[PDB]
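Worksheet: the structure to be examined is printed underneath.
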Amino acid sequence: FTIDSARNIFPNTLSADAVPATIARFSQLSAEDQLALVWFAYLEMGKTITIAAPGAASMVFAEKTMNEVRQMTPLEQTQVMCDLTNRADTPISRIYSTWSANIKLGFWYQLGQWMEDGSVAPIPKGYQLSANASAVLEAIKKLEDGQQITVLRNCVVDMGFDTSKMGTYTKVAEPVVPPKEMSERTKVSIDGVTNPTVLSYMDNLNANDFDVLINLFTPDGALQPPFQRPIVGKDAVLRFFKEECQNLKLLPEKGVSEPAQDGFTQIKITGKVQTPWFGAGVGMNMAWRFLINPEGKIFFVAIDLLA
Ligand SMILES: CC1=C(/C=C/C(C)=C/C=C/C(C)=C/C=C/C=C(C)/C=C/C=C(C)/C=C/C2=C(C)C(=O)CCC2(C)C)C(C)(C)CCC1=O
């Protein structure tokens, strides 16, 4: 096996490629239409589900820029949001690109709160979307909740100046929370799968115990998040666990295990995952595809958002 051939296990797994499809339609619109479309989608979503605000401890790297935006005049505030949306080269747009996904989301959550109470320049009353933007908004409102919040997250994440041409820069993330209190941990069960490596992957992720979790991988192993390329090697995979994978709740329900070539094992689990942004408000339907070597170490795992 190679990582590239490991990618193809269980090829009838149908992922939700409506998500990148919708994002690409979104990318065709004007900056102002993009901001207004998301505002209208956000407001509609808030009728039924509520974002859990992040702790102030996780926003320490964004706090000063956020207060700067609030104190700006309305026209400056609108220009900052447009700059981010167009991925313009401005100081705020560069700083934004050094932030982890959760810091970026908290930044836009705070702006959205301030747009509601009138502190930040709101979407003009009687704003009219272009016909193409109107079609995108309706499409987004039609997606199931798990796919809706993934479109919204991926829009937020892709804003800011292109990371490729700020060169050497420190990527910044939320504090690394200590592993969960032992008495506070739960024990997953999976109908049809008792493989100890897969159970330990689930339990350690649910406990935020990334030092233990990373030891489940081969040194050259890889993890592939939904709609992304594989992250290769223990060092990069551990950075991703710390930067992006804290406070998830994984609820695998059932799975199947099959031999693969050379005493490898290929395992597919389906279930739900909750993000801390929404808790039980949004249960995302996920698949996990593991390729495990004869010693029981993860050579490859893909995580798919299901159609
Ligand atoms: C932007 C904007 C707005 C503001 C908007 C906002 C504030 C939008 C906020 C949108 C939010 C808060 C979106 C969050 C989604 C969290 C997601 C998809 C998680 C996936 C985690 C997963 C699948 C589990 C993943 C995984 C498991 C299972 C593993 O096994 C391994 C790990 C891994 C992570 C791969 C305004 C409203 C101001 C209007 C203007 C405007 O543009």
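Under PDB author numbering, the first residue of the sequence shown is numbered 3, with each subsequent residue one higher.
Using N, Cα and C, we set each Cβ at its ideal position, and we do this for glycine too.
Got a sec, what are the start and stop residues for the alpha helix (DSSP H) residue i sits in?
i    : result
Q112 : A103 to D119
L307 : Not the alpha helix (DSSP H): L307 falls in the beta strand (DSSP E), residues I300 to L307.
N88  : Note, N88: premise wrong, no alpha helix (DSSP H); not H, not E.
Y203 : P198 to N208
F266 : Careful: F266 lies outside any alpha helix (DSSP H) and carries neither H nor E.
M168 : Neither: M168 is in no alpha helix (DSSP H) and is coded neither H nor E.
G148 : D147 to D160
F243 : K236 to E246
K66  : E65 to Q73
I216 : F212 to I216
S7   : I5 to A8
Output yes or no for whether 8 Å exceeds the beta carbon distance between residue i and residue j.
i         : j    : result
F219      : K270 : no
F280      : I51  : yes
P181      : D211 : yes
residue 1 : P227 : Because the chain is modelled from 3 through 309, residue 1 falls outside the range shown and cannot be assessed.
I5        : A64  : no
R187      : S121 : no
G108      : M184 : no
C84       : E118 : no
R231      : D164 : no
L225      : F242 : yes
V153      : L39  : no
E246      : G273 : no
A18       : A309 : yes
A304      : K244 : no
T15       : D193 : no
Going straight from the alpha carbon of residue i to that of residue j, what length do you get?
i           : j    : result
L253        : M74  : 44 Å
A43         : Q150 : 9 Å
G285        : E297 : 33 Å
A123        : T67  : 16 Å
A238        : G128 : 47 Å
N208        : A58  : 22 Å
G235        : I97  : 27 Å
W116        : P13  : 45 Å
residue 310 : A135 : Since the displayed the chain opens at 3 and closes at 309, residue 310 lies outside it and no answer follows.
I53         : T267 : 39 Å
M168        : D91  : 10 Å
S99         : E70  : 17 Å
Have a look at the DSSP bridge pairing and note the partners of residue i.
i           : result
residue 310 : This structure cannot settle anything about residue 310, because the visible part of the chain is limited to 3 through 309.
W41         : For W41, which the question treats as bridged, DSSP gives no partner whatsoever.
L139        : Paired residue(s): none; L139 is not in a bridge.
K251        : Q276
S17         : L308
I233        : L225
Grab the span of the beta strand (DSSP E) containing residue i for me, first residue to last.
i    : result
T220 : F219 to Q226
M288 : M286 to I294
Contact check, residue i vs residue j under 8 Å by CB: the rounded distance?
i    : j    : result
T87  : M161 : 6 Å
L145 : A20  : 7 Å
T172 : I294 : Rounded, the Cβ-Cβ distance is 35 Å, inconsistent with contact.
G257 : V195 : 4 Å
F229 : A8   : Between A8 and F229 the Cβ distance is about 17 Å, and since that is not below 8 Å, they are no contact.
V179 : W110 : The Cβ separation is near 22 Å, so there is no contact.
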